[PDB]
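my_file_14.csv (CSV, C-alpha atoms)
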```csv
chain,number,residue,atom,x,y,z
A,20,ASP,CA,-4.9,-13.8,3.3
A,21,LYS,CA,-2.8,-16.0,0.9
A,22,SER,CA,-1.6,-17.9,4.0
A,23,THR,CA,-4.2,-20.6,3.3
A,24,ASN,CA,-3.3,-20.4,-0.4
A,25,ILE,CA,0.4,-20.9,0.5
A,26,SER,CA,-0.4,-23.5,3.3
A,27,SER,CA,-2.6,-25.5,0.9
A,28,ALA,CA,0.1,-25.5,-1.8
A,29,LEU,CA,3.1,-26.2,0.5
A,30,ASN,CA,1.1,-29.3,1.8
A,31,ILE,CA,0.3,-30.3,-1.8
A,32,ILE,CA,4.0,-29.9,-2.9
A,33,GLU,CA,5.3,-31.9,0.2
A,34,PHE,CA,2.8,-34.7,-0.8
A,35,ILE,CA,4.1,-34.6,-4.4
A,36,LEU,CA,7.8,-34.7,-3.3
A,37,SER,CA,7.3,-37.3,-0.6
A,38,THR,CA,5.2,-39.7,-2.7
A,39,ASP,CA,7.3,-39.2,-5.9
A,40,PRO,CA,11.0,-39.4,-4.9
A,41,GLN,CA,13.2,-37.4,-7.3
A,42,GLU,CA,10.5,-37.9,-10.1
B,29,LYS,CA,18.6,10.2,11.8
B,30,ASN,CA,17.5,13.0,9.5
B,31,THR,CA,14.5,14.6,11.3
B,32,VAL,CA,11.0,15.1,9.6
B,33,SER,CA,8.7,17.8,11.0
B,34,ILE,CA,5.1,16.4,11.7
B,35,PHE,CA,2.5,19.1,12.6
B,36,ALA,CA,-0.4,18.0,14.8
B,37,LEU,CA,-3.5,20.1,15.8
B,38,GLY,CA,-3.8,21.0,19.5
B,39,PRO,CA,-6.9,20.8,21.8
B,40,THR,CA,-7.3,24.6,21.2
B,41,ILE,CA,-8.5,24.0,17.5
B,42,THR,CA,-12.1,22.8,17.9
B,43,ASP,CA,-14.0,24.2,14.9
B,44,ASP,CA,-14.8,21.6,12.2
B,45,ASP,CA,-14.7,24.4,9.5
B,46,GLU,CA,-11.2,25.3,10.6
B,47,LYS,CA,-9.9,21.7,10.8
B,48,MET,CA,-10.7,21.0,7.1
B,49,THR,CA,-8.8,24.2,6.2
B,50,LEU,CA,-5.6,22.9,8.0
B,51,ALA,CA,-6.0,19.5,6.3
B,52,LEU,CA,-6.1,21.3,2.9
B,53,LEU,CA,-3.1,23.4,3.9
B,54,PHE,CA,-1.2,20.2,4.8
B,55,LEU,CA,-1.9,18.8,1.3
B,56,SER,CA,-0.7,22.0,-0.3
B,57,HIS,CA,2.6,21.9,1.6
B,58,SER,CA,3.0,18.3,0.5
B,59,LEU,CA,2.5,19.5,-3.1
B,60,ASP,CA,4.9,22.5,-2.7
B,61,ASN,CA,7.9,21.8,-5.1
B,62,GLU,CA,10.1,24.2,-3.1
B,63,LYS,CA,10.2,21.8,-0.1
B,64,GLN,CA,12.3,18.6,-0.4
B,65,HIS,CA,10.6,15.2,-0.7
B,66,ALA,CA,11.2,14.3,3.0
B,67,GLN,CA,9.6,17.6,4.2
B,68,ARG,CA,6.7,17.1,1.8
B,69,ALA,CA,6.3,13.5,3.1
B,70,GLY,CA,6.1,14.8,6.6
B,71,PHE,CA,3.1,17.0,5.5
B,72,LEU,CA,1.5,13.8,4.1
B,73,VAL,CA,2.1,12.0,7.4
B,74,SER,CA,0.6,15.0,9.2
B,75,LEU,CA,-2.5,14.6,7.0
B,76,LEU,CA,-2.7,10.8,7.5
B,77,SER,CA,-2.2,11.1,11.3
B,78,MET,CA,-5.1,13.6,11.4
B,79,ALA,CA,-7.5,10.6,11.2
B,80,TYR,CA,-5.9,9.2,14.4
B,81,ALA,CA,-7.0,10.7,17.7
B,82,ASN,CA,-3.4,10.7,19.2
B,83,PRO,CA,-1.0,11.4,16.3
B,84,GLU,CA,2.0,11.1,18.6
B,85,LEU,CA,1.0,7.5,19.7
B,86,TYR,CA,0.2,6.6,16.1
B,87,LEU,CA,3.6,7.6,15.0
B,88,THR,CA,5.4,6.1,18.1
B,89,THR,CA,3.5,2.8,17.5
B,90,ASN,CA,3.8,2.5,13.7
B,91,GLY,CA,6.5,5.2,12.8
B,92,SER,CA,9.5,3.5,14.4
B,93,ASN,CA,11.6,3.8,11.2
B,94,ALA,CA,15.5,3.6,10.9
B,95,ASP,CA,15.4,6.3,8.1
B,96,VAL,CA,13.7,9.4,9.7
B,97,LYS,CA,13.1,10.7,13.3
B,98,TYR,CA,9.6,12.5,13.4
B,99,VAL,CA,9.3,15.7,15.4
B,100,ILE,CA,5.7,16.6,16.3
B,101,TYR,CA,5.0,20.3,16.5
B,102,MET,CA,1.5,21.2,17.8
B,103,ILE,CA,-0.6,23.8,15.9
B,104,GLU,CA,-2.8,25.8,18.4
B,105,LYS,CA,-5.2,28.8,18.0
B,106,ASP,CA,-4.1,31.8,20.1
B,107,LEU,CA,-7.2,34.2,20.4
B,108,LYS,CA,-4.9,37.1,21.4
B,109,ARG,CA,-3.1,36.8,18.0
B,110,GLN,CA,-4.7,38.5,14.9
B,111,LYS,CA,-2.4,37.2,12.2
B,112,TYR,CA,-3.2,34.0,10.1
B,113,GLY,CA,-6.6,33.6,11.8
B,114,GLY,CA,-5.0,33.4,15.3
B,115,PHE,CA,-3.2,30.1,14.3
B,116,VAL,CA,0.3,29.5,15.7
B,117,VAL,CA,2.8,26.6,15.7
B,118,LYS,CA,3.6,26.4,19.5
B,119,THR,CA,5.8,23.9,21.4
B,120,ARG,CA,4.5,23.4,25.0
B,121,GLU,CA,6.8,26.3,26.3
B,122,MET,CA,7.5,28.4,23.1
B,123,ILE,CA,5.8,29.9,20.0
B,124,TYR,CA,7.6,29.1,16.8
B,125,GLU,CA,7.2,32.6,15.0
B,126,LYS,CA,9.2,31.7,11.9
B,127,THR,CA,7.7,28.2,11.4
B,128,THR,CA,4.2,29.8,12.0
B,129,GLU,CA,5.0,32.1,9.0
B,130,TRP,CA,6.4,29.1,7.1
B,131,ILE,CA,3.1,27.0,7.5
B,132,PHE,CA,0.7,30.0,7.2
B,133,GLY,CA,2.3,33.2,5.7
B,134,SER,CA,4.4,31.5,3.0
B,135,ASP,CA,3.2,31.5,-0.6
B,154,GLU,CA,-16.9,24.6,2.8
B,155,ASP,CA,-20.6,23.8,1.7
B,156,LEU,CA,-19.7,20.1,1.7
B,157,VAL,CA,-18.4,20.3,5.3
B,158,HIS,CA,-22.0,21.3,6.6
B,159,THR,CA,-23.8,18.7,4.4
B,160,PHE,CA,-21.5,15.6,5.0
B,161,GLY,CA,-19.3,16.6,8.0
B,162,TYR,CA,-15.6,17.0,8.7
B,163,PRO,CA,-14.8,13.3,9.3
B,164,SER,CA,-16.5,12.3,6.1
B,165,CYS,CA,-14.7,15.1,4.2
B,166,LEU,CA,-11.1,14.3,5.6
B,167,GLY,CA,-11.8,10.6,4.8
B,168,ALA,CA,-12.1,11.6,1.1
B,169,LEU,CA,-8.6,13.2,1.2
B,170,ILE,CA,-7.0,10.3,3.3
B,171,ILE,CA,-8.4,7.4,1.3
B,172,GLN,CA,-7.1,8.9,-2.0
B,173,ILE,CA,-3.5,9.1,-0.4
B,174,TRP,CA,-3.7,5.3,0.5
B,175,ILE,CA,-5.0,4.3,-3.0
B,176,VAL,CA,-1.8,5.8,-4.6
B,177,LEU,CA,0.2,3.1,-2.7
B,178,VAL,CA,-1.5,0.2,-4.6
B,179,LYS,CA,0.5,1.0,-7.8
B,180,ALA,CA,3.0,3.6,-6.6
B,181,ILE,CA,6.0,1.3,-5.9
B,182,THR,CA,4.9,-2.0,-7.7
B,183,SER,CA,3.5,-0.5,-11.0
B,184,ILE,CA,4.5,3.2,-11.3
B,185,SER,CA,3.3,3.2,-15.0
B,186,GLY,CA,-0.3,2.4,-14.2
B,187,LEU,CA,-0.8,4.5,-11.1
B,188,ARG,CA,-3.3,7.1,-12.6
B,189,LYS,CA,-5.4,4.3,-14.3
B,190,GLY,CA,-5.3,2.2,-11.1
B,191,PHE,CA,-6.0,5.1,-8.8
B,192,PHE,CA,-9.3,5.9,-10.6
B,193,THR,CA,-10.2,2.2,-10.8
B,194,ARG,CA,-10.2,1.9,-7.0
B,195,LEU,CA,-11.7,5.4,-6.5
B,196,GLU,CA,-14.7,4.5,-8.7
B,197,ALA,CA,-16.2,2.3,-5.9
B,198,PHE,CA,-15.6,5.0,-3.2
B,199,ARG,CA,-17.1,7.8,-5.3
B,200,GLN,CA,-20.4,5.8,-5.9
B,201,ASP,CA,-20.5,4.8,-2.2
B,202,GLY,CA,-20.1,8.6,-1.5
B,203,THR,CA,-17.0,8.0,0.6
B,204,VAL,CA,-15.3,10.4,-1.8
B,205,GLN,CA,-17.5,13.4,-2.9
B,206,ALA,CA,-16.9,14.8,-6.4
B,207,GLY,CA,-15.5,18.1,-5.0
B,208,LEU,CA,-12.8,16.4,-2.9
B,209,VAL,CA,-11.4,14.2,-5.8
B,210,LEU,CA,-7.5,14.5,-6.2
B,211,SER,CA,-5.8,15.9,-9.4
B,212,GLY,CA,-3.7,13.6,-11.6
B,213,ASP,CA,-0.9,16.0,-10.9
B,214,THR,CA,-1.5,15.4,-7.2
B,215,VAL,CA,-1.5,11.6,-7.5
B,216,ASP,CA,1.8,11.6,-9.5
B,217,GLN,CA,3.5,13.8,-6.8
B,218,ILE,CA,2.2,11.5,-4.0
B,219,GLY,CA,3.6,8.4,-5.9
B,220,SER,CA,7.0,10.1,-6.4
B,221,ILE,CA,7.2,11.1,-2.7
B,222,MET,CA,6.3,7.4,-1.7
B,223,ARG,CA,9.0,6.0,-4.0
B,224,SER,CA,11.5,8.7,-2.8
B,225,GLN,CA,10.8,8.2,1.0
B,226,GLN,CA,10.7,4.6,2.2
B,227,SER,CA,9.8,6.2,5.6
B,228,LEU,CA,6.3,7.0,4.4
B,229,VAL,CA,5.7,3.4,3.1
B,230,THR,CA,7.0,1.7,6.3
B,231,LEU,CA,4.6,3.6,8.5
B,232,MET,CA,1.6,2.8,6.1
B,233,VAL,CA,2.6,-0.9,6.0
B,234,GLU,CA,3.2,-1.1,9.8
B,235,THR,CA,-0.3,0.6,10.3
B,236,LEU,CA,-1.8,-2.1,8.1
B,237,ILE,CA,0.0,-4.9,10.2
B,238,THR,CA,-1.1,-3.2,13.5
B,239,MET,CA,-4.6,-3.3,12.0
B,240,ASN,CA,-4.4,-7.1,11.6
B,241,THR,CA,-5.8,-7.4,15.3
B,242,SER,CA,-9.6,-7.4,14.7
B,243,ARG,CA,-11.7,-5.3,17.1
B,244,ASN,CA,-15.1,-3.4,16.7
B,245,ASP,CA,-12.8,-0.3,17.4
B,246,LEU,CA,-12.3,0.6,13.7
B,247,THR,CA,-13.3,4.1,12.4
B,248,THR,CA,-15.2,4.6,9.0
B,249,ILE,CA,-11.7,5.6,7.7
B,250,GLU,CA,-10.0,2.6,9.2
B,251,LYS,CA,-12.6,0.2,7.6
B,252,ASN,CA,-11.9,2.1,4.3
B,253,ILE,CA,-8.1,1.8,4.9
B,254,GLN,CA,-8.3,-2.0,5.3
B,255,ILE,CA,-10.5,-2.2,2.1
B,256,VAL,CA,-7.7,-0.5,0.1
B,257,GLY,CA,-5.2,-2.6,2.1
B,258,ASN,CA,-6.5,-5.9,0.6
B,259,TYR,CA,-5.5,-4.5,-2.9
B,260,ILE,CA,-2.1,-3.2,-1.5
B,261,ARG,CA,-1.4,-6.5,0.5
B,262,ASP,CA,-0.1,-8.8,-2.3
B,263,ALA,CA,1.0,-6.4,-5.1
B,264,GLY,CA,4.0,-7.4,-7.4
B,265,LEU,CA,3.9,-11.1,-6.4
B,266,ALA,CA,0.9,-11.8,-8.8
B,267,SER,CA,2.8,-14.2,-11.1
B,268,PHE,CA,4.0,-16.1,-8.1
B,269,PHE,CA,0.4,-16.6,-6.9
B,270,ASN,CA,-0.9,-17.4,-10.5
B,271,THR,CA,2.0,-20.0,-10.8
B,272,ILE,CA,0.8,-21.5,-7.5
B,273,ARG,CA,-2.9,-21.3,-8.3
B,274,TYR,CA,-2.9,-22.7,-11.9
B,275,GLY,CA,0.3,-24.9,-11.5
B,276,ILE,CA,0.4,-26.3,-8.0
B,277,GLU,CA,-3.1,-26.0,-6.5
B,278,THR,CA,-4.5,-27.8,-9.7
B,279,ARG,CA,-2.5,-31.0,-8.5
B,280,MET,CA,-2.5,-32.4,-12.1
B,281,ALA,CA,-0.4,-35.5,-12.9
B,282,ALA,CA,2.4,-33.6,-14.8
B,283,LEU,CA,3.8,-32.4,-11.4
B,284,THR,CA,5.5,-35.9,-11.3
B,285,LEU,CA,7.6,-35.1,-14.4
B,286,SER,CA,11.4,-34.8,-13.7
B,287,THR,CA,11.5,-31.7,-16.0
B,288,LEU,CA,9.3,-29.6,-13.6
B,289,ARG,CA,10.9,-31.0,-10.4
B,290,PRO,CA,13.7,-28.4,-10.0
B,291,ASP,CA,11.2,-25.4,-10.6
B,292,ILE,CA,8.7,-27.1,-8.1
B,293,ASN,CA,11.5,-27.2,-5.5
B,294,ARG,CA,12.3,-23.4,-5.9
B,295,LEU,CA,8.5,-22.6,-5.7
B,296,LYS,CA,8.6,-24.5,-2.3
B,297,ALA,CA,11.6,-22.4,-1.1
B,298,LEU,CA,9.9,-19.1,-2.1
B,299,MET,CA,6.6,-20.1,-0.4
B,300,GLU,CA,8.6,-21.1,2.8
B,301,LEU,CA,10.6,-17.8,2.5
B,302,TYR,CA,7.3,-15.8,2.2
B,303,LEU,CA,6.0,-17.6,5.3
B,304,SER,CA,9.4,-16.7,7.1
B,305,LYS,CA,9.0,-13.0,6.3
B,306,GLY,CA,5.8,-13.1,8.4
B,307,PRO,CA,3.1,-10.4,8.4
B,308,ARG,CA,5.6,-8.3,6.5
B,309,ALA,CA,5.6,-10.9,3.7
B,310,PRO,CA,2.6,-9.6,1.7
B,311,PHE,CA,4.5,-6.2,1.3
B,312,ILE,CA,7.9,-7.6,0.1
B,313,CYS,CA,7.7,-5.9,-3.4
B,314,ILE,CA,6.1,-2.7,-1.9
B,315,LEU,CA,9.0,-2.4,0.7
B,316,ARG,CA,11.5,-3.4,-2.0
B,317,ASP,CA,13.1,-6.1,0.2
B,318,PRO,CA,16.4,-7.7,-1.1
B,319,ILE,CA,14.5,-11.0,-1.8
B,320,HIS,CA,11.8,-9.2,-3.9
B,321,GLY,CA,13.3,-10.3,-7.4
B,322,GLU,CA,13.7,-13.9,-6.2
B,323,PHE,CA,9.8,-14.2,-6.6
B,324,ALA,CA,10.0,-13.2,-10.4
B,325,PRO,CA,8.8,-16.0,-12.8
B,326,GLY,CA,12.2,-16.0,-14.6
B,327,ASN,CA,13.8,-17.8,-11.6
B,328,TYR,CA,11.3,-20.7,-12.1
B,329,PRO,CA,10.4,-20.6,-15.8
B,330,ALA,CA,9.1,-24.2,-16.6
B,331,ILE,CA,6.4,-24.2,-13.9
B,332,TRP,CA,5.4,-20.6,-14.8
B,333,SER,CA,4.9,-21.6,-18.5
B,334,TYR,CA,2.9,-24.8,-17.5
B,335,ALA,CA,0.7,-22.7,-15.1
B,336,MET,CA,0.1,-20.1,-17.9
B,337,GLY,CA,-1.0,-22.9,-20.2
B,338,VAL,CA,-3.5,-24.2,-17.6
B,339,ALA,CA,-4.6,-20.7,-16.9
B,340,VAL,CA,-5.5,-19.9,-20.6
B,341,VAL,CA,-7.5,-23.1,-20.8
B,342,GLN,CA,-9.0,-22.5,-17.3
B,343,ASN,CA,-9.5,-18.7,-17.3
B,344,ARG,CA,-11.3,-16.5,-19.9
B,345,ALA,CA,-8.5,-14.8,-21.9
B,346,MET,CA,-5.5,-14.1,-19.5
B,347,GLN,CA,-3.1,-14.6,-22.4
B,348,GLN,CA,-3.3,-10.8,-22.0
B,349,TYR,CA,-1.6,-11.0,-18.5
B,350,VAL,CA,1.4,-13.1,-20.0
B,351,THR,CA,2.6,-12.8,-23.7
B,352,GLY,CA,6.0,-12.5,-25.5
B,353,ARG,CA,7.9,-13.4,-22.2
B,354,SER,CA,11.6,-14.0,-23.0
B,355,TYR,CA,11.5,-17.0,-20.6
B,356,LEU,CA,8.3,-18.8,-21.8
B,357,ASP,CA,8.9,-22.6,-22.3
B,358,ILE,CA,6.7,-23.5,-25.3
B,359,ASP,CA,6.7,-27.2,-24.5
B,360,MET,CA,5.6,-26.7,-20.9
B,361,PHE,CA,2.9,-24.1,-22.0
B,362,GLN,CA,1.4,-26.7,-24.5
B,363,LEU,CA,1.6,-29.5,-21.9
B,364,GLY,CA,-0.3,-27.4,-19.3
B,365,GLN,CA,-3.0,-26.6,-21.9
B,366,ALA,CA,-3.4,-30.3,-22.7
B,367,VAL,CA,-3.4,-31.6,-19.1
B,368,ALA,CA,-6.1,-28.9,-18.2
B,369,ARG,CA,-8.2,-29.7,-21.3
B,370,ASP,CA,-8.3,-33.4,-20.2
B,371,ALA,CA,-9.4,-32.2,-16.7
B,372,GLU,CA,-12.1,-29.9,-18.2
B,373,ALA,CA,-13.7,-32.9,-19.9
B,374,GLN,CA,-14.1,-34.5,-16.4
```
Here is a file; write its structure as structure tokens.
Amino acid sequence: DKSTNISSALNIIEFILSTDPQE
Amino acid sequence: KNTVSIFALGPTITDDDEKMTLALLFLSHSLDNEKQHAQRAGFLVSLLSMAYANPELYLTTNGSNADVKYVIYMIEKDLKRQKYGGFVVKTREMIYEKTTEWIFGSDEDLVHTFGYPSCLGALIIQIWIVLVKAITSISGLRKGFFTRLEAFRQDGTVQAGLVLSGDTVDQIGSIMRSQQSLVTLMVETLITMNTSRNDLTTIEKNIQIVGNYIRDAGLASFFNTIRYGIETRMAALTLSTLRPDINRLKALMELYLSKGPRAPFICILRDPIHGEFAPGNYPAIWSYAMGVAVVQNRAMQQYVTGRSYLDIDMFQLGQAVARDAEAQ
């Protein structure tokens, strides 16, 4: 199941976006 | 809905020797060019449902398709009758004389050594293997079919005698591409198989093993972009240049989660959103990931070369950023 793969990544991306606002 | 005729063995047919013969006849009817694809597909559903104890329930549960209405006609053995080995297509109240002729009149050693259920499983597993590449990668079906079959042959799941002709695999692929009906039942069967119980036949275990290969087929570049671009969590993700493509990847991941248990089979089911997952839509991040991937993975420039969309700057940055990481 890639659900963990997608879940891990979605969480990583949300961290990236939240911490780094509009680059 | 256009009706498809599914043929199911009745309680009257008990002989294992006989049962294999009917399964082989079902295959032959699927490979008969005179029949249209939908009729041929119904013969393949008849073969696949043979594994299941109650074909009617199997089809009711997993064969609820908008395309085709399946009509189940029981095949029984009538000991009074002398024609076609006493076999007849009979509805509960009627004997279908013309259809009996259609199925039977129209133009073994392994069974004792390994058994009927082992021998049917050979035929049924080969049919499922076709699906891995039938829809997603039509060009590589024969190569792919044999690749997956290798493991089963050595295990002895598929005996050398029961192996399927290249001509047979091509026909099965064409029928699958032609009839979405076939694919939906197979996909739905796999989803109904998500619920894990000790109640799984040798064949059902084998179906799920093939299912892992069928589950995320066509979306590979999406997953490679996630694995070698996003999961790496390198510092270049902060760049403004990659920010729009990162946002799209987020959307696609969220869309995939939306589609639910159906999501792994987007490209197999040829959903309207199946081309939204193509790396052209998000080209900078794909290039970066491919750069990290060639530094991180042995070769894999194979899997991605001369792509119209490749961003050379991003590719080189990905390599650099990965090379710094490899040092640590």
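Around residue A:26, within 12 Å and counting only C-alpha atoms, the residues found are residues 20, 21, 22, 23, 24, 28, 29, 30, 31, 32 and 33 of chain A; 272, 276, 277, 296, 299, 300, 302 and 303 of chain B, once anything fewer than 2 positions away on its own chain is removed.
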Checklist entry - What are the residues of chain B that have an atom within 6 Å of an atom of chain A, counting all atoms listed in the file, as JSON, numbers by chain? => result {"B": [277, 284, 285, 286]}
Could you write out that same residue set with C-alpha atoms as a JSON list (two decimals), keeping the file's coordinate frame?
```json
[["chain", "number", "residue", "atom", "x", "y", "z"],
["B", 277, "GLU", "CA", -3.10, -26.00, -6.50],
["B", 284, "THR", "CA", 5.50, -35.90, -11.30],
["B", 285, "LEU", "CA", 7.60, -35.10, -14.40],
["B", 286, "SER", "CA", 11.40, -34.80, -13.70]]
```
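In this comparison, which uses all atoms listed in the file, the residue of B:238, B:82, B:128, B:77 approaching residue B:39 most closely is B:82.
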Item to check | Who sits within 10 Å of residue B:368, all atoms listed in the file, same chain under 3 positions skipped, as a VMD selection string | outcome: chain B and resid 274 278 280 334 to 335 337 to 342 363 to 365 371 to 374
With C-alpha atoms kept, could you save the residues just selected as a PDB file, in the coordinates of the input?
```
ATOM      1  CA  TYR B 274      -2.900 -22.700 -11.900  1.00  0.00           C
ATOM      2  CA  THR B 278      -4.500 -27.800  -9.700  1.00  0.00           C
ATOM      3  CA  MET B 280      -2.500 -32.400 -12.100  1.00  0.00           C
ATOM      4  CA  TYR B 334       2.900 -24.800 -17.500  1.00  0.00           C
ATOM      5  CA  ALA B 335       0.700 -22.700 -15.100  1.00  0.00           C
ATOM      6  CA  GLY B 337      -1.000 -22.900 -20.200  1.00  0.00           C
ATOM      7  CA  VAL B 338      -3.500 -24.200 -17.600  1.00  0.00           C
ATOM      8  CA  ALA B 339      -4.600 -20.700 -16.900  1.00  0.00           C
ATOM      9  CA  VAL B 340      -5.500 -19.900 -20.600  1.00  0.00           C
ATOM     10  CA  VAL B 341      -7.500 -23.100 -20.800  1.00  0.00           C
ATOM     11  CA  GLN B 342      -9.000 -22.500 -17.300  1.00  0.00           C
ATOM     12  CA  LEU B 363       1.600 -29.500 -21.900  1.00  0.00           C
ATOM     13  CA  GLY B 364      -0.300 -27.400 -19.300  1.00  0.00           C
ATOM     14  CA  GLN B 365      -3.000 -26.600 -21.900  1.00  0.00           C
ATOM     15  CA  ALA B 371      -9.400 -32.200 -16.700  1.00  0.00           C
ATOM     16  CA  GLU B 372     -12.100 -29.900 -18.200  1.00  0.00           C
ATOM     17  CA  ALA B 373     -13.700 -32.900 -19.900  1.00  0.00           C
ATOM     18  CA  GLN B 374     -14.100 -34.500 -16.400  1.00  0.00           C
TER      19      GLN B 374
END
```
May I have the residues within 8 Å of stretch 43-54 of chain B as a tab-separated table (two decimals) with C-alpha atoms, keeping the file's coordinate frame, using only C-alpha atoms and disregarding those fewer than 5 positions away in the same chain?
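The resulting file, part.tsv, is reproduced below:
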```tsv
chain	number	residue	atom	x	y	z
B	71	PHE	CA	3.10	17.00	5.50
B	72	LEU	CA	1.50	13.80	4.10
B	74	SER	CA	0.60	15.00	9.20
B	75	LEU	CA	-2.50	14.60	7.00
B	78	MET	CA	-5.10	13.60	11.40
B	154	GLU	CA	-16.90	24.60	2.80
B	157	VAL	CA	-18.40	20.30	5.30
B	161	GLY	CA	-19.30	16.60	8.00
B	162	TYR	CA	-15.60	17.00	8.70
B	165	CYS	CA	-14.70	15.10	4.20
B	166	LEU	CA	-11.10	14.30	5.60
```
Checklist entry - Taking all atoms listed in the file into account, which of B:332, B:361, B:174, B:311 comes nearest residue B:270? => result B:332
Checklist entry - What is the distance, in Å and to one decimal place, between atom CA of residue B:275 and atom CA of residue B:308? => result 25.1 Å
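Closest approach to residue B:306 among B:249, B:333, B:177, B:237: B:237, based on all atoms listed in the file.
Distances to residue B:69 were evaluated for B:223, B:199, B:273, B:118 using only C-alpha atoms, and the minimum falls at B:223.
Between atom CA of residue B:85 and atom CA of residue B:239 the separation is 14.4 Å.
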Go ahead and find all residues with at least one atom no further than 12 Å from (9.6, -8.1, 2.2) in the file's coordinates, using all atoms listed in the file; report them as a PDB file with C-alpha atoms, keeping the file's coordinate frame.
```pdb
ATOM      1  CA  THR B 230       7.000   1.700   6.300  1.00  0.00           C
ATOM      2  CA  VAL B 233       2.600  -0.900   6.000  1.00  0.00           C
ATOM      3  CA  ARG B 261      -1.400  -6.500   0.500  1.00  0.00           C
ATOM      4  CA  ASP B 262      -0.100  -8.800  -2.300  1.00  0.00           C
ATOM      5  CA  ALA B 263       1.000  -6.400  -5.100  1.00  0.00           C
ATOM      6  CA  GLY B 264       4.000  -7.400  -7.400  1.00  0.00           C
ATOM      7  CA  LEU B 265       3.900 -11.100  -6.400  1.00  0.00           C
ATOM      8  CA  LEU B 298       9.900 -19.100  -2.100  1.00  0.00           C
ATOM      9  CA  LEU B 301      10.600 -17.800   2.500  1.00  0.00           C
ATOM     10  CA  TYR B 302       7.300 -15.800   2.200  1.00  0.00           C
ATOM     11  CA  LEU B 303       6.000 -17.600   5.300  1.00  0.00           C
ATOM     12  CA  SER B 304       9.400 -16.700   7.100  1.00  0.00           C
ATOM     13  CA  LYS B 305       9.000 -13.000   6.300  1.00  0.00           C
ATOM     14  CA  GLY B 306       5.800 -13.100   8.400  1.00  0.00           C
ATOM     15  CA  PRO B 307       3.100 -10.400   8.400  1.00  0.00           C
ATOM     16  CA  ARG B 308       5.600  -8.300   6.500  1.00  0.00           C
ATOM     17  CA  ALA B 309       5.600 -10.900   3.700  1.00  0.00           C
ATOM     18  CA  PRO B 310       2.600  -9.600   1.700  1.00  0.00           C
ATOM     19  CA  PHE B 311       4.500  -6.200   1.300  1.00  0.00           C
ATOM     20  CA  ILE B 312       7.900  -7.600   0.100  1.00  0.00           C
ATOM     21  CA  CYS B 313       7.700  -5.900  -3.400  1.00  0.00           C
ATOM     22  CA  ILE B 314       6.100  -2.700  -1.900  1.00  0.00           C
ATOM     23  CA  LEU B 315       9.000  -2.400   0.700  1.00  0.00           C
ATOM     24  CA  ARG B 316      11.500  -3.400  -2.000  1.00  0.00           C
ATOM     25  CA  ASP B 317      13.100  -6.100   0.200  1.00  0.00           C
ATOM     26  CA  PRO B 318      16.400  -7.700  -1.100  1.00  0.00           C
ATOM     27  CA  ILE B 319      14.500 -11.000  -1.800  1.00  0.00           C
ATOM     28  CA  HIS B 320      11.800  -9.200  -3.900  1.00  0.00           C
ATOM     29  CA  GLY B 321      13.300 -10.300  -7.400  1.00  0.00           C
ATOM     30  CA  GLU B 322      13.700 -13.900  -6.200  1.00  0.00           C
ATOM     31  CA  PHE B 323       9.800 -14.200  -6.600  1.00  0.00           C
TER      32      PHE B 323
END
```
Given 4 Å on each side, where is the centre and what are the edge lengths in Å to one decimal of the axis-aligned box enclosing the listed atoms of stretch 158-170 of chain B, as AutoDock Vina command-line options?
```
--center_x -15.4 --center_y 15.8 --center_z 5.2 --size_x 24.8 --size_y 19.0 --size_z 16.2
```
